[PDB]
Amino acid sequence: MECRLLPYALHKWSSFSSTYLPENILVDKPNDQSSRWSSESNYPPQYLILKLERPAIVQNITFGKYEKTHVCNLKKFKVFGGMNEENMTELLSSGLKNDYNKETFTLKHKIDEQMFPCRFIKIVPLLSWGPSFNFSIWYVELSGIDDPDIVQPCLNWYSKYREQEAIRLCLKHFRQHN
């Protein structure tokens, strides 16, 4: 197989505090207490939306950390993904250890046995290890399959799937509201 780092850019964010920029998640510098995104508050919604350079089967997410334990670290978070910003699919619900060790998590990337691609990944912090302090994310690395020979047929399948679901739900909702 091949599994590759999937580059991304920061696309949207709920908020940020001071100089704790969304873009700080791009670099792994546990050596620097300011190299993180921090939300402005812990009240929802808070999130970062990452836009991949190209669509990919997004298989893992890796979170870096600070050199020491940190109150702002995410005790709980969710990850969503989709081909656009709206209607994203939940890919993961978990949490980080409050330590200085990088952690990698498998993301949902199949429906039944068929792989599906994302263009956007949304990280939703839910709980900090110390309840008061803003949510912080130090570093995010996405990995998966970006080989077009795999991604393209998955995109084709997934476009049809989402179209069928849109229709089914369009009519379901149309008929409920009548």
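Don't overthink the numbering: it's just position in the shown sequence, from 1.
Trainee: Looking at the deposited entry, does 48-56 or 22-30 carry the larger mean Cα B-factor?
Mentor: Looking at the recorded C-alpha B-factors, 22-30 comes out higher on average.
Trainee: Can you let me know which of the two, 163-171 or 5-13, has the higher average C-alpha B-factor in the entry?
Mentor: Result of the comparison: 163-171.
Trainee: Tell me, please, which of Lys110, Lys122, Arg119, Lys65 has the highest C-alpha B factor according to the deposited entry?
Mentor: That would be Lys65.
Trainee: Going by the entry, which third of its chain does the Cα temperature factor of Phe77 land in?
Mentor: CA B-factor rank for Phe77: lowest third.
Trainee: Relative to the other modelled residues of the same chain, rank the CA B-factor of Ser132 and answer lowest, middle or highest third.
Mentor: Its C-alpha B-factor belongs to the highest third of this chain's values.
Trainee: Would the CA B-factor of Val71 place it in the lowest, middle or highest third of its chain?
Mentor: It belongs to the highest third of the chain when residues are ordered by C-alpha B-factor.
Trainee: Going by the recorded CA B-factors, say which third of the chain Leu96 sits in, lowest, middle or highest.
Mentor: Its C-alpha B-factor, which the entry lists for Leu96, ranks in the highest third among residues of this chain.
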